[PDB]
């Protein structure tokens, strides 16, 4: 037995400034593990991470990604899968993200999508302080995570 329960999929590109939030989280976890999470350093596209996640047979999947939500830099929100669909959130390959989330939810049964608001996103940009702070905030909630980890739902109307 693997004894796997929780899986954390970190999405992003460290070569794209604040889009590096996900890879940064993966780096922190590698250096100092928190909780029971198996952490996937997913990079730019979640599509090619799906097969591994399903094979891990998790009970709970957390996805962390820098995502423009129209908020102040570094704000953290959980995005409801219905709002993922309504917002037309896309992967880098222009796949609608709700397709992946909704299907994962059928196989896993708790799937949480967590967005962190970037400020600057561009090739070889540095990460800004509010995003570094947000990544620390999420990291510190990984141990003993329950529900939505105490984070607010994104308000989309």
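Numbering follows the first chain given and starts at 1.
Stretches 142-150 and 7-15 differ in mean C-alpha B factor, with the higher average recorded for 142-150.
When the two stretches 36-44 and 99-107 are set side by side, the higher mean Cα temperature factor goes to 99-107. The entry lists a Cα temperature factor for residue 71 that places it in the middle third of the chain's modelled residues. Among the modelled residues of its chain, residue 91 has a C-alpha B-factor that falls in the middle third according to the deposited record.
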